Amino acid sequence: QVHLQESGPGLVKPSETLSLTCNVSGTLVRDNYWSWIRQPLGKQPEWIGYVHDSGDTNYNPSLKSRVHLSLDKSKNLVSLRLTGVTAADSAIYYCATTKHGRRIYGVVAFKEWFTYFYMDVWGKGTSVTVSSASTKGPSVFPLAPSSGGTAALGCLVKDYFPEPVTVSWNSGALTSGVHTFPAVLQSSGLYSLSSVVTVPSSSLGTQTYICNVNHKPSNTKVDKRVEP
Amino acid sequence: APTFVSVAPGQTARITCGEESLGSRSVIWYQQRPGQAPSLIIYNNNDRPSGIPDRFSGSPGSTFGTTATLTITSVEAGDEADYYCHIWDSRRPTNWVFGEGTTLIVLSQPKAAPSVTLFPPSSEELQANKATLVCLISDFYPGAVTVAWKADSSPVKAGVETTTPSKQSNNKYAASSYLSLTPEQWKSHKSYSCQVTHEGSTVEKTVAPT
Amino acid sequence: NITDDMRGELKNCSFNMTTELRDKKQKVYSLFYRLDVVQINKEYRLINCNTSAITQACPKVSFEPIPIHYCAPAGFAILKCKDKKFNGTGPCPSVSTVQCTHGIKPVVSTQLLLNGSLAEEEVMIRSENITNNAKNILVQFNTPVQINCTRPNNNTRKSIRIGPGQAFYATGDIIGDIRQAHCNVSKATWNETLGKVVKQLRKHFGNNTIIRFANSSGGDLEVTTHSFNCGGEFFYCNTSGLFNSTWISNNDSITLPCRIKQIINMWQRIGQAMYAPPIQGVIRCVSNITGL
Ligand SMILES: *[C@@H]1O[C@H](CO)[C@@H](O[C@@H]2O[C@H](CO)[C@@H](O[C@@H]3O[C@H](CO[C@H]4O[C@H](CO[C@H]5O[C@H](CO)[C@@H](O)[C@H](O)[C@@H]5O)[C@@H](O)[C@H](O[C@H]5O[C@H](CO)[C@@H](O)[C@H](O)[C@@H]5O)[C@@H]4O)[C@@H](O)[C@H](O[C@H]4O[C@H](CO)[C@@H](O)[C@H](O)[C@@H]4O[C@H]4O[C@H](CO)[C@@H](O)[C@H](O)[C@@H]4O)[C@@H]3O)[C@H](O)[C@H]2NC(C)=O)[C@H](O)[C@H]1NC(C)=O
Ligand SMILES: *[C@@H]1O[C@H](CO)[C@@H](O[C@@H]2O[C@H](CO)[C@@H](O[C@@H]3O[C@H](CO[C@H]4O[C@H](CO)[C@@H](O)[C@H](O)[C@@H]4O)[C@@H](O)[C@H](O[C@H]4O[C@H](CO)[C@@H](O)[C@H](O)[C@@H]4O[C@H]4O[C@H](CO)[C@@H](O)[C@H](O)[C@@H]4O)[C@@H]3O)[C@H](O)[C@H]2NC(C)=O)[C@H](O)[C@H]1NC(C)=O
Ligand SMILES: *[C@@H]1O[C@H](CO)[C@@H](O[C@@H]2O[C@H](CO)[C@@H](O[C@@H]3O[C@H](CO[C@H]4O[C@H](CO)[C@@H](O)[C@H](O)[C@@H]4O)[C@@H](O)[C@H](O[C@H]4O[C@H](CO)[C@@H](O)[C@H](O)[C@@H]4O)[C@@H]3O)[C@H](O)[C@H]2NC(C)=O)[C@H](O)[C@H]1NC(C)=O
Ligand SMILES: *[C@@H]1O[C@H](CO)[C@@H](O[C@@H]2O[C@H](CO)[C@@H](O[C@@H]3O[C@H](CO)[C@@H](O)[C@H](O)[C@@H]3O)[C@H](O)[C@H]2NC(C)=O)[C@H](O)[C@H]1NC(C)=O
Ligand SMILES: *[C@@H]1O[C@H](CO)[C@@H](O[C@@H]2O[C@H](CO)[C@@H](O)[C@H](O)[C@H]2NC(C)=O)[C@H](O)[C@H]1NC(C)=O
Ligand SMILES: *[C@@H]1O[C@H](CO)[C@@H](O)[C@H](O)[C@H]1NC(C)=O
Ligand SMILES: *[C@@H]1O[C@H](CO)[C@@H](O)[C@H](O)[C@H]1NC(C)=O
Ligand SMILES: *[C@@H]1O[C@H](CO)[C@@H](O)[C@H](O)[C@H]1NC(C)=O
Ligand SMILES: *[C@@H]1O[C@H](CO)[C@@H](O)[C@H](O)[C@H]1NC(C)=O
Ligand SMILES: *[C@@H]1O[C@H](CO)[C@@H](O)[C@H](O)[C@H]1NC(C)=O
Ligand SMILES: *[C@@H]1O[C@H](CO)[C@@H](O)[C@H](O)[C@H]1NC(C)=O
Ligand SMILES: *[C@@H]1O[C@H](CO)[C@@H](O)[C@H](O)[C@H]1NC(C)=O
C-alpha cells in the first residue's frame, strides 16, 4: 500500500515563506516522480510542479521564481517552499505520485513525440490559509433542538475575527446532514457563523452531540454539548 | 464558468472539457468527490488504470478538431462528483491548470424550495444577556432570497444582518440571517417571525418565548 | 512547442503586397523555409534578392519525368550495344540498329540515380579514367534499391491575389503535427547492394584493398545532399547514413533527414529563379535507386 500524508503550518503571514512536507510511507522517494497540486476553494486544480532525482525537476512558469521543491532521501519525504506568498496562495495543497508516459505521433527519431505526466495515487491534502492578524476569540453557544420524525440541532460561533472557523461534530464522527453556513461580517468587525445537523428525533440516548469549534489564529478549541 | 450535466440513473453521461483539439492529444481525466481529493480515472485518452470499471471511456486523442468527451455508461448515484481534464496537446504548451470542471448530477431537479430553520437565542447567551435570532436558509436555487423579520405583526427595521447566497458543490445555496435583540426585547413581544422571500414564494417560521 | 534544437526551419513571414488596384496595399502572411529566406540588418528577405529575378511555376504544368524516345531523321541511325557486359567504351561485339531509343525518363537528381535502367548480371562501374580521381565514377545497379520519401506536412495553398491577373500561391497553416520530410532505405537491400558493388570495385583497385565510404566533403546544398523532385517539391536529403562504411578485403529502414526548398536555381543557372508552388496533402513517393 502507498500512503501519503501532507502537513504544513496552516497559517502563513503575507510576504513570508510557506514550507510544506509530504510524508511518504510504503515506497521510496527516489524511484518515483512527485508532483504538487494546489486548489483554491471553488476553483480548478493548478499544477505547481514535479520533482525527481538526478536533477529532473520542473516548476510552474507562473510561479517559477517563487517555488522551490526538494526530496529528502534520508528521511524519505517531499518538501515544498513558496517564497513571497499572497492571498492567492490560500488553497488546499495535495502531494501525488507521478507516472510518465510518451505520446508518439511522428517518427520517434525526429523527436516527433511528447511526454505527458499523470498522478494516480493522491494524498489527503493540507489546508494553507494566508493571513496576518492581531488576535481575538470566538464565543460558542449551543442551539437547542426544536422540531415529522426529524429534528434540527446545531451550534453558533458568535463574534470572532478573522476567518475561518473549522466546525466538526463528535470529532468527525458525523458527516451526514451537516450544513455549516458561512459567517457574516457585522458592523463591529467580527464574524459569526452557525452549523446545523439534521438528525432523527429519536435521540433519547443521550446521544451526546458535542460540536468542536476551532479557530487557529487564537488556538481556539471549544467543545460544546447541545442538550434540549 | 461552471457547467452541469444531469443524467438519469442507468443511462449514459457525456462530459465536455477543454478547448477544441488542435493536434494529437493525451487527455488525462480526474474525478473529485465533494470534500475529497482528485482521483485518476482515465489516462492517455482512453487507458484506465487498475480499479476503474470499463464504464468510463474517453474520446480518442487522434481526432483533430473535436473536444475531449468523457462517456460514463450505466450512470449510478456514486458517480455524482466533479470531473476535470488535463489537456496534453502537441501544438499547445504544457497546461499547468486543469480544464473547467463539469458537475455530474443525479437525474431530476426542476427547482429547489428553500429550507429555512429559525433558532431562538440560547440560554447561555441569555445569561450573558445577549440575544440573536438565527434564520438558516439552505438547499435553494437560484441564490436570490430576501429576509424580513417580524415582531408579532410589526416589521423589524434594525438589527438585521444577512449573508450573501453561496452555493456549495450543488444547487444548495447558503444564507444566514441574524437579528440582534436584548433580553428585554425578547420577552416583550409574543412571537417573532422570519419571512424568507425566494423567487415567488415566501416561507414564514415563528418562535415564541418560554 | 520547443526545444531549442528544432532551429525553426519554418518561418511565418508577414509583409505588404500589391493588390489588383494600384493604390491600397495588402498585409498578408506566408510560411517559407529557412533555405528560402535570409535576415538583413526580426526582418528577413527572399534569399535570391541580389541574384536574379524570380518566376512562380504555374500550377497547371507538372515536373513528372515521362519517357522520351530520341529518334534520328532519315539518313541517320542509332547504334545500340546489346552485350550483357558493356562497361561503356570501345568495340562492341553484338551491335544492333534502331530508329528510336527506349523510354528514357529525364529524372534530374544528384548522388543517387533514381528510376534508371538496371544493369545486367553484375553491377556495372564506368569511368572515363579510373586512375584519374577528378573524373566521376558512374555506378549502375542490377537490383533496384527501394527508397521511400515522405513529406509529413500536408499543407494549405493560400491564393493571394497580386492583380490584375497574376496570383501568388503562398503556404497557409499546417494541419497536424510539425514534422520534417524523410527518406527510408531498406537496410538489408542497401547491405547487399553495397557488398555487391565493393566486389566490383576490388577488380580495379587491387584484390586485397580496403574500400571506405564517406559522405560529401562540402559545398552547395545541391551537391552535399541528395537533391531531387517529388510531387512538385524539391527535397535535399542527408546521405550521411548511406556512405558511412569501411569494407575490408574479406531489420528496419535507414531514415535520412530531408530538407525542402521552394526557390531553386538548378543547372547552375543565374537569371531565372523558380518558385515551386506549395503542394496540398501528404506527399509520398516510392522510387528505385538504380545507380550512384
Ligand atoms: C520509414 O521508416 C520510419 C522509421 O522506421 C517509419 O516511421 C513510422 O512512421 C509511422 C507514421 O508514418 C509511425 O506510426 C505511428 O506510430 C505510433 C506509435 O506506434 C507504436 O507505439 C504504440 C504505443 O505503444 C505504447 O502503447 C501500447 C498500447 O497501450 C502499449 O501496448 C505499448 O507497450 C506502449 O506502451 C503501439 O500501440 C504501436 O503498436 C500498434 O501500432 C503498430 C503500427 O500501426 C502496429 O504495427 C502494431 O501491431 C500495433 O497495432 C506501435 O508499437 C502510433 O501510435 C501512431 O498511431 C496513432 O497516431 C495516428 C496519428 O496520430 C493515429 O491516427 C492513430 O489512430 C493512432 O492513434 C491511436 O493511438 C493513440 C495512442 O494510443 C491514441 O491517443 C489515439 O486516440 C488512437 O487511439 C502511428 O501509427 C511509426 O511509429 C514510425 N516508426 C518509427 C520506428 O518511428 C515510417 O513509417 C517508414 N515509412 C515511410 C516513411 O513511408
Ligand atoms: C519512378 O517511377 C515510379 C513508378 O511510376 C513513380 O511513381 C509514381 O509516383 C507518382 C508521384 O510522384 C505517381 O503519380 C501520382 O499518384 C497519386 C496517387 O495515386 C493514387 O491514385 C490512383 C487513382 O486511380 C490509384 O490508382 C493509385 O493506385 C493511387 O491509389 C495520384 O493521386 C496523382 O494524381 C494527381 O497528380 C498528377 C500529377 O500531379 C495529375 O496529373 C493527376 O491528374 C492527378 O491530379 C489530380 O488529382 C489530385 C488528387 O488530389 C488533385 O489534387 C489534383 O489537383 C488533380 O486534380 C499522381 O498520379 C504514381 O502513382 C507513381 N507510379 C505508380 C505506378 O504508382 C516515381 O514518381 C518515379 N520517380 C521519378 C523521380 O519520376
Ligand atoms: C490535410 O490538410 C487539409 C487542409 O485543407 C485537410 O483537408 C480538409 O480536411 C477536412 C477533414 O477531413 C475536411 O473537412 C470535411 O468537410 C466535409 C464537408 O466538406 C464539404 O462541404 C463543405 C460545406 O459543409 C464545403 O465547404 C466543402 O468544400 C466540401 O464540399 C465533411 O463532410 C467532413 O466530415 C466527414 O469526414 C470526416 C473525416 O474527414 C469525418 O470525421 C466526419 O464524421 C464526416 O464523416 C470533414 O469535416 C475539409 O473539407 C478538407 N479541406 C480541403 C480543402 O480538402 C486534410 O483532411 C488533411 N489531411 C490529413 C491526412 O491530415
Ligand atoms: C514544450 O516545452 C517544454 C519546455 O521546454 C518541453 O519540456 C522540456 O522537455 C525536454 C525534453 O524532455 C527537457 O529536457 C530535459 O533536460 C534534462 C536536463 O537534465 C534532461 O535530464 C532530460 O533528459 C531532458 O532532456 C526540458 O527540461 C523540458 N523543459 C521544461 C521546462 O520542462 C516540452 O517537452 C514541450 N512539449 C510539451 C508537450 O510540453
Ligand atoms: C516502402 O514502402 C512500401 C509500402 O509500405 C514497403 O513495402 C512493404 O514492405 C513490407 C515488408 O516487406 C510488406 O509487408 C508490405 O506488404 C509491403 N507493401 C507494399 C505496398 O509493397 C517497402 O518495404 C518500403 N521500403 C522502404 C525502404 O521503406
Ligand atoms: C524562436 O524563438 C527563440 C526564442 O525567442 C529565438 O531564440 C529563435 O531565434 C526563434 N527562431 C528560431 C528559428 O528558433
Ligand atoms: C506593410 O508594412 C509596413 C511596414 O512599415 C506596415 O506599416 C504596414 O502596416 C504593412 N501593411 C500595409 C497594408 O501597408
Ligand atoms: C552487412 O553485410 C556484410 C556482408 O554480408 C556483413 O559482414 C555485415 O555484418 C552486414 N551488416 C549488418 C549491419 O548487417
Ligand atoms: C557529412 O556528415 C557530416 C557529419 O559527420 C556533416 O557535417 C556533413 O554536412 C555531411 N555532408 C554531406 C554532404 O552530407
Ligand atoms: C547529416 O546527418 C549527420 C548524421 O546525423 C549529421 O552529423 C550532419 O550534421 C547532417 N548534415 C546536415 C547538413 O544537417
Ligand atoms: C558511422 O558509423 C559508425 C559505426 O557504426 C558510427 O560510430 C558513426 O557514428 C557513424 N557516423 C555518423 C555520422 O553517424
Ligand atoms: C522499381 O523496383 C520495384 C521493385 O522490384 C519494381 O516493382 C518496379 O517495377 C521498378 N520500377 C521500374 C523498373 O521502373
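Thresholds, definitions, all that
- Residues numbered from 1 in each chain as written, not as in the entry; some residues may be left out.
- Chains lettered and ligands numbered in written order.
- Part of a larger assembly, values for the part shown.
- Heavy atoms only, no water.
- Helix = DSSP H or I, 4+ residues; strand = E, 2+ residues; numbered from the N terminus.
- Rg over C-alpha atoms; globule rule 2.2 N^0.38 Å.
- Buried < 20%, exposed > 50% of the residue type's maximum accessible area, 1.4 Å probe, protein only.
- Areas by Shrake-Rupley, 256 points an atom, 1.4 Å probe, with all protein chains shown as cover.
- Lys, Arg positive; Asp, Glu negative; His and termini not counted.
- Charge placed at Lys NZ, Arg CZ, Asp CG, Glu CD.
- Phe/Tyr/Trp six-rings, centres within 6.5 Å; stacked < 30°, edge-to-face > 60°.
- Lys NZ or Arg CZ within 6 Å of the ring centre and 35° of its normal.
- Contact = heavy atoms within 4.5 Å.
- Buried area = accessible area lost by both parts, 1.4 Å probe.
- Salt bridge = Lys/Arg side-chain N within 4 Å of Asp/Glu carboxyl O.
- Polar contact = N/O pair within 3.5 Å; in protein donor to acceptor, adjacent residues only side chain to side chain.
- Nonpolar A, V, L, I, M, F, W, Y, C, P; charged D, E, K, R; others polar.
- Pairing = 2+ DSSP bridges.
- Axes fitted to C-alpha atoms, helices over the stretch in contact; angles between N-to-C directions.
- Core = buried A, V, L, I, M, F, W, Y, C linked by side-chain atoms within 4.5 Å.

- Structure determination for this entry, per the PDB record, employed X-ray crystallography and reached 7.000 Å resolution.

**Regarding the overall build of chain A**
Item 1. Within chain A one finds 0 helices and 18 strands.
Item 2. Taken over the C-alpha trace, chain A has a radius of gyration of 22 Å; the compact-globule value for 228 residues is 17 Å, which it surpasses by more than 25%.
Item 3. Once the C-alpha set of chain A is aligned to its principal axes, its extents read approximately 75 × 40 × 35 Å.
Item 4. For chain A, with 228 residues in total, the buried portion stands at 44%.
Item 5. With an accessible surface of roughly 11200 Å², chain A has 50% of that area assigned to carbon and sulfur atoms.
Item 6. The distance from the centre of the 20 positive side-chain charges to the centre of the 14 negative ones in chain A is 2 Å.

**Overview of the packing of aromatic side chains**
Item 1. Enumeration over the complete set of coordinates arrives at 22 aromatic pairs over all chains.
Item 2. Between C:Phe168 and C:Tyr275, the ring centres sit 5.0 Å apart and the planes meet at 45 degrees, which makes this aromatic pair tilted. Each member of the pair, C:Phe168 together with C:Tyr275, is buried.
Item 3. Seen from the ring of A:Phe181, B:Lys172 lies directly overhead, with NZ or CZ sitting 5.5 Å from the centre.
Item 4. Taking NZ or CZ as reference, C:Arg157 lies 5.0 Å from the ring centre of C:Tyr169, over its face.

**Focus on the interface of chain A and chain C**
Reports of interface size often rely on the accessible area that becomes lost once the parts have come together.
Item 1. Counting residues at the interface gives 5 residues for chain A and 7 residues for chain C.
Item 2. Here chain A packs against chain C, burying approximately 630 Å² in sum over the two surfaces, 64% of which is carbon and sulfur.
Item 3. It is A:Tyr105, A:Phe110 and A:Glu112 in chain A that bury the most area against chain C; as a group they hold 74% of the surface buried on that side.
Item 4. Here A:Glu112 ties to C:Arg179 by a salt bridge, and the two come within 2.9 Å at their closest N and O atoms.
Item 5. Inspection of the region where chain A meets chain C yields 2 residue pairs in polar contact.
Item 6. Residue classes in the side of chain A that touches chain C are distributed as 3 nonpolar, 1 polar and 1 charged.

**Quick word on the interface of chain B and chain A**
Item 1. Contact residues are listed per partner, giving 47 residues for chain B and 48 residues for chain A.
Item 2. Of the roughly 3700 Å² buried between chain B and chain A on both sides combined, carbon and sulfur atoms contribute 66%.
Item 3. Ranking the residues of chain B by area buried against chain A places B:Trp88, B:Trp96 and B:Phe119 at the top, with a combined share of 21%.
Item 4. Along the contact surface separating chain B from chain A lie 2 salt bridges.
Item 5. Residue A:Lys158 is joined to B:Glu125 by a salt bridge in which the shortest nitrogen-to-oxygen separation is 2.4 Å.
Item 6. Counting the contacts that link chain B with chain A gives 11 residue pairs in polar contact.
Item 7. If you list the elements that add at least two residues to the side of chain B that touches chain A, you get β3 (28-32), β4 (39-42), β7 (82-86), β9 (115-119), α1 (123-127), β10 (131-138) and β15 (173-181) of chain B.
Item 8. For the side of chain B that touches chain A, the leading source of residues is β10(B), giving 5 residues.
Item 9. In terms of residue class, the side of chain B that touches chain A is made up of 19 nonpolar, 21 polar and 7 charged.

**Quick notes on the sheet that holds strand β12 (residues 139-143) of chain A**
Residue and element names in this part refer to chain A.
Item 1. Spatial strand order, β12-β13-β16-β15: 4 strands in an open sheet with antiparallel pairing. Pairing within the sheet leaves two strands with one partner each, and these edge strands are β12 and β15 (178-181). For this sheet, the mean angle separating the axes of adjacent strands, direction not counted, is 15 degrees.
Item 2. Bridge count for β12 against strand β13 (residues 150-160) is 5 bridges, and the pairing is antiparallel. Note that in β13 the partner of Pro142 across the bridge is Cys155.

**Examining the pattern of salt bridges**
Item 1. Per the stated rule, a full pass over the model turns up 17 salt bridges over all chains.
Item 2. Two residues, B:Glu124 and A:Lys224, come together in a salt bridge whose shortest N-O distance is 3.2 Å. With B:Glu124 in helix α1 and A:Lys224 in strand β18 (residues 220-226), this residue pair bridges two chains.
Item 3. By relative accessible area, which is 34% here, B:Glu124 ends up partly exposed.
Item 4. Accessibility expressed as a relative area gives 16% for A:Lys224, which makes it buried.
Item 5. Among the charged side chains, a network of salt bridges with common partners joins A:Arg38, A:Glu46, A:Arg66 and A:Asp89.

**As for the nonpolar core**
Burial of nonpolar side chains together is a common tendency in soluble globular proteins.
Item 1. Ranked by internal contacts, the top residues of the largest apolar core, which has 33 residues, are C:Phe228, C:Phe235 and C:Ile289.
Item 2. Sorting the residues of this core by element identifies β10 (137-151), β13 (182-186), α1 (187-201), β14 (211-213), β15 (226-230), β16 (233-237), β18 (253-261) and β21 (283-291) of chain C as the ones contributing at least two each.
Item 3. For C:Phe228, the contacting residues outside a window of four places in its chain are C:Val108, C:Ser109, C:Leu114, C:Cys149, C:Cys183, C:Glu233, C:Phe234, C:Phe235 and C:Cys237.
Item 4. With 22 residues, the next largest nonpolar core counts A:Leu18, A:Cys22, A:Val24 and A:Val128 among its residues.

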